[PDB]
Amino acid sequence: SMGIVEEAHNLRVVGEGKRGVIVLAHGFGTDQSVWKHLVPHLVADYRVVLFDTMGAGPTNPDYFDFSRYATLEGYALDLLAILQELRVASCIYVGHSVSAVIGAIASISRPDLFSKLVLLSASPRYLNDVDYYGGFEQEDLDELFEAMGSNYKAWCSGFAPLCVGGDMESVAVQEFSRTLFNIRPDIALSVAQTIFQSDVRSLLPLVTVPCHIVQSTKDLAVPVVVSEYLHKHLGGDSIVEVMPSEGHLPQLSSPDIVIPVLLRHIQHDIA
């Protein structure tokens, strides 16, 4: 064991390849299992680090410090502690949903630790603003948080199909509904509020490591224009690939389409 960082985040390292280190970081409502279809494609060429974000279902709620995680910085500090403990000189970081922004934030502090960021289903701001389309108004958020607080289980059951998209009887929808409901309900409401009310747009000019912006063409939480926004405001080189998939966790729900795209963005560098 690497110690508390491993135990607290259920951290695992798999693969024996020599081309680099990859760190995979999941979105709200899921856990490292979201990467189950990607990892087999990476173990020949890479060492792959998987971990659960603090507050995720599989983590000990006693380690959830509300003051630490009241901003997204807390999660970025956790990521930097993982990379420091692993003695990583450099990694390829793939961040899903909120973990995309968490990696971007961490890369501002320590750009040396990241050769590239793959930003999957990423958004710097969910709320609409003047000349900015995120996909949500405050009233939408308020209605969502009221549903979460009124019956969390029912909310999970209704939200998962919308978020995952596609056929509501799919194994992916069922998996996500269960991982959503694994989060302790106080942590879930708090975290959803923190993430959905976030706005990191003014930090994007500080991100200088190359970014690969990948998303579904139809995503509940991420209008396609957000990818263009990211591409036009990140402070370093970037590329955008909008996939012919639907859903916010497309690496889980449509891996036949999505895993080839993620593998390409991991293997090929922008000029």
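The first residue of the sequence shown is number 1, and the count goes up from there.
If you average the C-alpha B-factors over 28 to 36 and over 214 to 222, the higher value belongs to 214 to 222. Two stretches are in play, 98 to 106 and 175 to 183, and the higher mean C-alpha B-factor belongs to 175 to 183. In the PDB entry, the Cα temperature factor peaks, among 188, 80, 117, 88, at 88. Within the listed group 162, 127, 195, 76, the record reports its top CA B-factor for 162. Ranked within its chain, residue 169 lands in the highest third, by CA B factor from the PDB record. Looking at the C-alpha B-factors along this chain, the one for residue 18 belongs to the highest third.
Among the modelled residues of its chain, residue 43 has a C-alpha B-factor that falls in the highest third according to the deposited record. Ranked against the other modelled residues of its chain, the C-alpha B-factor of residue 157 as given in the entry falls in the highest third. Annotation for residue 121: CA B-factor lies in the lowest third of the chain's modelled residues.
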